[PDB]
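Colleague:
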Amino acid sequence: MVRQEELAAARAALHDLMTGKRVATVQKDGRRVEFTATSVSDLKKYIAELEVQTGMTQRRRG
Numbered sequence: 001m002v003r004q005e006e007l008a009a010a011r012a013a014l015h016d017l018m019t020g021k022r023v024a025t026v027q028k029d030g031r032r033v034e035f036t037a038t039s040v041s042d043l044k045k046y047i048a049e050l051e052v053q054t055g056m057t058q059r060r061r062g
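Counting in the deposited numbering, the sequence shown runs from 1 upward without gaps.
Rendered as structure tokens:
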């Protein structure tokens with residue numbers, strides 16, 4: 001399990017959505033999905049869930 005690549009792509013979305021552009025697309029499973037500054041919150045979670053699926057712990061306090 002190494003989302004090291006797609007991971008770097010998600011961080012970029014945080015930079016473009018809060019730098020100016022309000023729209024951002026992501027290539028996931030041949031499926032493209034849109035995100036607007038209105039959901040900048042549900043995206044923050046998508047970034048936290050991938051760190052737990054690529055990290056190496058479980059106590060959560062890690």
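For each residue, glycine too, the CB sits at the ideal point set by N, CA and C.
1. Please confirm whether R61 has its beta-carbon closer than 7 Å to some beta-carbon of chain C.
2. Can you tell which of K21, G55, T57 and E6 has the C-alpha that lies nearest to the C-alpha of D29?
3. Using 7 Å as the threshold, is the C-beta distance between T36 and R59 below it?
4. To the nearest angstrom, how far is the alpha carbon of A48 from that of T25?
Modeller: Working from what's here:
1. Included in the structure is just one protein chain, with no chain C present.
2. Minimum Cα distance to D29 is reached at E6.
3. Cβ distance not < 7 Å, so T36 and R59 don't count as in contact.
4. In a straight line, the C-alpha of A48 is about 19 Å away from that of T25.
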